[PDB]
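Residue numbers (the entry's author numbering), protein chains in the order written: chain B, 3 to 224, 239 to 322; chain J, 1 to 76; chain A, 8 to 434; chain I, 24 to 358; chain H, 24 to 358.
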Amino acid sequence: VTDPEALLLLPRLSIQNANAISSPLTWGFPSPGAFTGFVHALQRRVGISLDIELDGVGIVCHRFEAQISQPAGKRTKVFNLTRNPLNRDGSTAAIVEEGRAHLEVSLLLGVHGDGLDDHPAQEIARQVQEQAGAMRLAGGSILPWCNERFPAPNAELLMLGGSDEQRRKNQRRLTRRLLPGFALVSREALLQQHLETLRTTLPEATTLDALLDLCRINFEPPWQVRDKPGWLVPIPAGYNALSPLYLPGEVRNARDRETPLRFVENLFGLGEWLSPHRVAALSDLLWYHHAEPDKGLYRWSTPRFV
Amino acid sequence: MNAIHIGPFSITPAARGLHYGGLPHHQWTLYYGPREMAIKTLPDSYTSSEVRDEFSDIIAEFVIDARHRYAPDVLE
Amino acid sequence: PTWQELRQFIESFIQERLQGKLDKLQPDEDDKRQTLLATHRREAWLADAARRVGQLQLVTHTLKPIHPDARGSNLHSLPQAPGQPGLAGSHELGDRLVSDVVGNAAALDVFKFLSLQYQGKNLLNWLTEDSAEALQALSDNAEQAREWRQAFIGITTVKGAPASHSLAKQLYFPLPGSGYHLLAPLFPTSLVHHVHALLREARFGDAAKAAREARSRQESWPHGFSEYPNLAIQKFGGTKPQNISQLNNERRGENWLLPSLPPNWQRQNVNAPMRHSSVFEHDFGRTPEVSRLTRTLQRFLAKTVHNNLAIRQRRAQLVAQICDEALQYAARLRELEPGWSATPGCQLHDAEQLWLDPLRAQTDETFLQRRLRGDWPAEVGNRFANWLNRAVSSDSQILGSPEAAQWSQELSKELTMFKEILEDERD
Amino acid sequence: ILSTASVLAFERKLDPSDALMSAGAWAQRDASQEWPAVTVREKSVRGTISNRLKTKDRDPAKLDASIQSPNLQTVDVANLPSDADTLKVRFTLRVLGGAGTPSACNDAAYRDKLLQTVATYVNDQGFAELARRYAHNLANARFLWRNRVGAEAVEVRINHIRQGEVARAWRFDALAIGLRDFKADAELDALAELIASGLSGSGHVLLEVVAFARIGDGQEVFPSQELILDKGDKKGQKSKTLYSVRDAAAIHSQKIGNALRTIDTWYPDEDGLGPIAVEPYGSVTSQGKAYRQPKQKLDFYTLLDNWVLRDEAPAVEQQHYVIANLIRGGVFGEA
Amino acid sequence: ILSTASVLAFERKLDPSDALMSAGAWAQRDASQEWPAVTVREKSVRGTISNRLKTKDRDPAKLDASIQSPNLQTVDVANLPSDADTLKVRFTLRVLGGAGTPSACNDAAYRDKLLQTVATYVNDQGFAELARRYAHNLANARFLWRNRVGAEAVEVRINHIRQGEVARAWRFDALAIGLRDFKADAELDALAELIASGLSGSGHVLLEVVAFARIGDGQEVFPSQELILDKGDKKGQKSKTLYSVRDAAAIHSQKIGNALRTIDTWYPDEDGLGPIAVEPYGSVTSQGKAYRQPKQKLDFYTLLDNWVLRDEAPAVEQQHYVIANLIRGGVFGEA
């Protein structure tokens with residue numbers, strides 16, 4: 003919703019057991035809403051004391067490992083589980099299938115505020131790094147890099163460049179820092195135009211079918241494969257309204273009785289993983305919240321991408 | 001059980017049964033006449049359709065190789 | 008139209024249920040037939056159904072897939088269609104909607120008593136309107152018909168207070184100006200059932216299996232097929248999927264999650280090309296991603312020009328991906344040893360070694376640290392361009408026409424970008 | 024009236040990393056940064072029937088027919104190399120601050136009462152006994168589990184990482200410190216002071232825990248076995264599967280946490296076992312029996328509602344158990 | 024009424040390792056730590072028809088048609104080099120102790136009764152006969168299964184590894200010590216006392232056992248062999264796959280365990296065969312017939328349910344068999 007005055011690079015963060023089930027329809031890399039919520043929790047915890055705002059997160063995902071296995075005779079996969087403790091009668095409890103993933107991601111954070119002029123860049127960078135080293139990113143603990151060879155501090159780069167060439171060199175150096183990974187971006191325009199292409203191909207086609215067609219490998223008879245522009249993952253694109261926004265004390269057993277609750281349904285969109293050298297600026301990769309609370313639509317996206 | 005005859009193909013099991021994992025298993029053998037092509041260990045709970053579908057990939061590969069091996073010549 | 012045919016159909020339904028439970032019980036004595044026909048043969052069974060419709064609930068989004076010791080409010084609501092483009096949901100389910108049933112595993116019979124097609128339509132939409140054939144086909148008295156209609160139509164409306172349990176998920180969302188909403192999500196079991204049905208047609212359908220056989224026979228077919236690789240199975244009910252919901256009893260567990268995976272989700276290893284002559288043609292080129300990219304360039308090089316420039320745009324994007332992977336290869340070459348390029352060897356591609364190992368400038372103070380700074384090696388991509396010249400088709404029709412000119416233009420532009428990327432490696 | 028909060032959830036304080044397992048030689052433990060990792064391999068087993076028979080298949084003909092059919096499995100096995108008698112197990116522990124602060128709470132009054140109860144607990148005795156027991160369970164390598172059973176010598180090195188360097192190095196003989204006695208030692212008290220300051224603090228305390236076990240040359244190490252459901256599939260699967268991160272055998276973090284939380288020596292049953300893991304309703308998976316039942320007044324939930332709501336503060340041991348549950352975490356709250 | 028527990032899981036005492044086989048020469052076996060490992064190479068076999076016919080192909084035309092077109096296979100084969108006659112097999116055994124205590128037990132009172140039963144056994148007759156027979160099965164190289172059947176001379180060296188150093192060395196001629204007679208020898212009694220001290224919990228016993236067998240120059244050795252589910256054609260008709268850990272042939276640990284457990288000379292059938300491996304229902308896969316069937320009251324489960332549940336103590340050799348089963352370990356217990 004705003005252009006960041008600076009970009010803070012949180013380095014390689016090893017998230018231990020992240021929620022591999024991103025959505026009721028998708029598994030794998032966690033939701034971008036988890037990353038945006040983590041950055042908002044960082045702004046809630048240490049952002050206010052530094053007189054800065056932390057909005058917008060760019061994910062690089064340097065490493066992914068899924069705690070999964072492939073059973074013999076099946077081409078699908080299953081989630082490795084954890085043994086929950088027994089009940090009070092000594093019996094095994096009912097198992098809820100929860101999957102885990104070891105992530106290694108680096109985050110670009112959009113920083114704007116007067117506190118950037120009040121503190122050194124390395125000071126606020128080290129403060130938000132030591133705050134983020136005791137938090138969670140998708141349900142997993144963050145490994146804060148103890149007793150390895152060379153630890154990685156941040157590099158907060160001011161986006162108000164004095165010259166266009168110096169700004170370009172800063173963005174290319176920051177892209178070179180986060181090199182072995184893929185920027186995950188939102189593709190609402192690509193999914194909508196592919197929906198229009200399928201509607202010209204066949205009418206009454208929903209956005210779900212256009213999302214599904216952009217993920218399966220289509221085999222065409224003369239036997240070739242229908243190509244895709246990018247990786248084109250199905251991402252959770254936010255939450256849509258399923259109920260009116262009830263009063264803060266209205267909903268029974270809410271998390272807090274001061275925040276209003278509204279039952280939601282998952283919104284599914286198309287995301288794309290790209291090499292981060294294929295972007296004009298690294299501020300395009302930032303994932304922003306977008307509530308629009310009168311109509312539900314509690315989305316996260318990448319505005320100012322293309 | 002009994003052999004599955006798919007054209008010239010015969011899927012015949014070994015009379016001995018093993019217990020791979022905990023479940024009982026049988027070593028099913030796929031022959032094209034006297035030549036075997038795939039020996040695979042399959043459960044005794046498998047139906048005949050599942051035993052057919054296990055060897056269907058090798059069957060289709062041999063069919064493709066026979067089509068591309070004895071194709072007639074082309075005059076242009 | 009007539010109430011008499013609806014009465015005949017519901018009497019036939021309860022008679023079929025009576026003879027089914029008589030065949031299931033197989034009773035020949037102990038007066039079980041009289042007790043069976045004393046409660047499931049007359050209108051009082053409908054009154055007994057009045058004791059069963061209040062327990063069941065027809066829902067589209069439920070909480071019971073989240074931890075089964077949680078008791079929340081499962082609600083049947085169709086979400087509004089979003090005005091923003093390019094995103095899907097359960098709002099896309101229009102007439103292709105299957106409503107899940109939650110409650111006891113014994114009252115569910117009355118669900119088909121609300122899902123028959125007597126006059127040609129579903130009886131819940133028949134009971135949502137005050138029709139002339141309605142309220143007479145099931146009850147002789149008016150007030151009994153009204154209370155039976157209210158109880159039978161209450162299976163759609165949510166019961167109890169609006170509530171989400173502690174074991175359910177609740178996630179704060181930042182408002183634009185100074186606020187939060189708590190936003191408890193529910194499992195879209197109707198949407199999950201629709202996606203699972205579509206995947207069932209895609210993977211085990213008759214037309215899909217026929218297209219798979221046509222691919223296996225390498226013959227033509229009027230329609231294609233799909234594969235859906237890397238699917239994940241998430242069983243909700245451990246040993247009792249019927250306890251979760253009725254739709255989860257239709258598909259026993261098996262959430263069938265789509266692979267939203269990053270491209271580095273299957274990182275094999277990092278290897279150092281010691282005794283080899285060129286990195287692009289021996290080790291980097293054998294990775295499967297650039298393999299599929301090179302086969303894609305081979306397929307797109309020998310093609311018609313009718314969509315040419317648009318295809319060329321795709322081709323430009325395609326060729327960009329390959330040099331991206333080259334940088335990605337160099338990226339995982341940042342994960343190797345600092346001084347692997349200084350090891351002994353007769354041939355180890357020393358022309359590329361200034362870019363292969365950037366960390367040897369830390370190893371050698373002046374033996375090779377100043378060499379990469381003074382040389383500024385950016386011609387290596389030109390060598391990679393030579394390898395990329397092995398990615399083009401050997402067709403004279405492309406060379407005669409301007410297709411080779413456009414290929415050389417986009418190749419020169421992308422290796423200009425690659426050489427500019429390799430130039431400022433010293434910063 | 025001080026009703027209990029309907030949602031009440033606590034973060035996992037003392038959250039460990041996955042215990043990376045590598046191999047080497049004893050007296051080379053100082054240069055253990057380049058030790059090769061233990062790799063999980065596959066092997067085949069042909070056993071015979073040795074389970075109990077239920078008096079319908081005990082006839083000699085059917086039993087001989089069952090033996091005549093060969094029972095085969097594939098098992099994931101982790102072994103030491105045949106020139107490395109020492110197993111090194113390394114993980115990172117983050118002692119998080121705000122141990123008594125819940126993640127979620129409905130009632131503001133219940134949150135204030137719980138914070139006041141925890142604050143009185145820190146003002147009275149602190150986390151000093153609990154961090155002593157946590158430092159004990161770090162000091163003996165209980166997180167090695169079956170790797171600790173037949174080892175010749177186990178030694179635990181624990182390094183406090185303040186910013187990027189080892190602020191304080193502790194070295195413990197893990198076999199000398201028992202699995203059931205919680206005694207007093209000066210280095211153990213210093214580690215207890217550090218862990219209690221991390222629990223009482225606002226940030227986090229970072230520790231690197233490495234355990235070297237002299238199991239034997241080429242012996243079988245025991246990483247965490249992965250819980251994979253067969254789900255009634257037709258094709259037979261591998262019976263035993265192990266856990267690894269990247270060609271490197273590992274133990275799950277919850278197993279290391281369960282070994283770290285094995286401090287509960289105050290359950291009403293007899294302590295023939297010794298300490299058990301801090302669980303609500305005192306569940307022990309190795310026994311199939313749950314101590315600290317709610318029919319007695321010593322389960323975690325009734326102790327919390329007595330300590331917080333009705334102001335019935337229990338004994339100091341049960342207060343230690345309650346705060347150990349709060350450090351452990353969990354999802355609580357009636358409907 | 025003292026019902027037996029649903030779970031009575033026992034750990035494995037006498038833990039073996041994967042016995043790696045290297046190659047070398049006789050009279051150079053003293054310096055054998057540098058010996059190159061036996062490689063599992065590949066070769067091709069042409070299999071003629073040599074099995075029983077099913078009274079349908081017994082016609083000469085179809086038999087000659089099958090013989091005219093035979094079937095080829097690729098086998099993993101492990102051989103000595105042409106200049107190496109001696110096979111060396113190396114593994115480490117770990118005698119743990121605490122054999123009476125089970126790892127998991129649903130019933131505490133049944134666990135106490137079993138502990139009292141094993142304690143009264145040890146007070147009456149400790150691990151003296153059992154450790155003597157285990158030292159016998161180590162002394163003769165029964166873990167050389169088909170590497171012993173035609174060996175010219177077998178020599179077994181057992182070194183007690185204490186603090187990484189050899190505490191005591193034993194050197195046995197494995198051909199003089201038979202595979203069926205359990206006689207007495209002073210060095211064998213010392214090894215029996217060491218395994219007794221290991222099994223009683225009075226000490227930590229790790230042994231390095233190296234067996235040198237004279238098979239011949241280039242002769243085929245017999246390591247452990249893996250199960251092959253699919254032969255196919257992408258894998259070039261792989262009919263036999265032998266076990267190897269890292270370019271080095273090896274025997275499975277459980278094969279060494281089964282060879283070490285061959286102490287049971289007290290089954291109700293005649294001992295003309297000799298000892299059999301200790302197992303519930305005394306099963307031999309090569310014989311295909313269970314000695315100690317559940318019908319004749321001499322198997323492990325009925326003897327354990329008489330000795331512990333109903334205090335019906337069996338004979339001294341039969342309670343030796345029961346305690347040997349407890350040393351072996353298992354998933355004893357009903358469902």
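From the three backbone atoms N, C-alpha and C, an ideal C-beta is built for every residue, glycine too.
Distance CB(residue i)-CB(residue j) smaller than 8 angstroms
i: residue 262 of chain H; j: residue 97 of chain H; result: yes
i: residue 101 of chain I; j: residue 250 of chain I; result: no
i: residue 118 of chain I; j: residue 227 of chain I; result: yes
i: residue 108 of chain I; j: residue 48 of chain I; result: yes
i: residue 129 of chain A; j: residue 138 of chain A; result: no
i: residue 171 of chain A; j: residue 269 of chain B; result: yes
i: residue 241 of chain I; j: residue 55 of chain I; result: no
i: residue 143 of chain I; j: residue 88 of chain B; result: no
Within-8 angstroms CB hit, residue i to chain E
i: residue 68 of chain J; result: Looking for chain E here will not work: the only protein chains present are B, J, A, I and H.
Nearest-angstrom Cα separation, counted from residue j out to residue i
i: residue 272 of chain A; j: residue 72 of chain B; result: 15 angstroms
i: residue 36 of chain H; j: residue 254 of chain H; result: 37 angstroms
i: residue 295 of chain I; j: residue 146 of chain I; result: 33 angstroms
i: residue 173 of chain H; j: residue 237 of chain H; result: 9 angstroms
i: residue 13 of chain H; j: residue 64 of chain H; result: A question about residue 13 of chain H goes unanswered here, because the residues of chain H that appear run from 24 up to 358.
i: residue 68 of chain I; j: residue 24 of chain B; result: 38 angstroms
i: residue 125 of chain A; j: residue 132 of chain A; result: 12 angstroms
Reference residue i, options the options, closest by Cα
i: residue 143 of chain A; options: A:118, A:14, A:119; result: A:14
i: residue 116 of chain I; options: B:145, B:55, B:79; result: B:145
i: residue 238 of chain A; options: B:70, B:189, B:112; result: B:70
i: residue 243 of chain B; options: A:283, A:321, A:163; result: A:321
i: residue 214 of chain B; options: A:226, A:199, A:300; result: A:199
i: residue 357 of chain H; options: I:328, I:203, I:55, I:74; result: I:74
i: residue 280 of chain H; options: H:114, H:28, H:321; result: H:114
i: residue 268 of chain A; options: B:75, B:107, B:66; result: B:66
i: residue 267 of chain I; options: B:37, B:82, B:11; result: B:82
i: residue 156 of chain B; options: B:179, B:169, B:192; result: B:179
Cβ-based burial, residue i [other Cβ within 10 Å; buried from 16]
i: residue 225 of chain I; result: exposed
i: residue 353 of chain A; result: exposed
i: residue 230 of chain H; result: buried
i: residue 245 of chain H; result: buried
Inter-stretch contact (C-beta, 8 angstroms, three-pair minimum) for the segment 33 to 41 of chain A and the segment 54 to 71 of chain B: no
Cβ pair count under 8 angstroms reaching 3, the segment 403 to 416 of chain A against the segment 149 to 165 of chain B: no
The segment 193 to 208 of chain I in contact with the segment 151 to 163 of chain I per 3-pair CB rule at 8 angstroms: yes
Meets three-Cβ-pair contact criterion under 8 angstroms: the segment 347 to 355 of chain H and the segment 26 to 44 of chain H: yes
Contact the segment 215 to 229 of chain A vs the segment 78 to 98 of chain A: 3+ CB pairs below 8 angstroms: no
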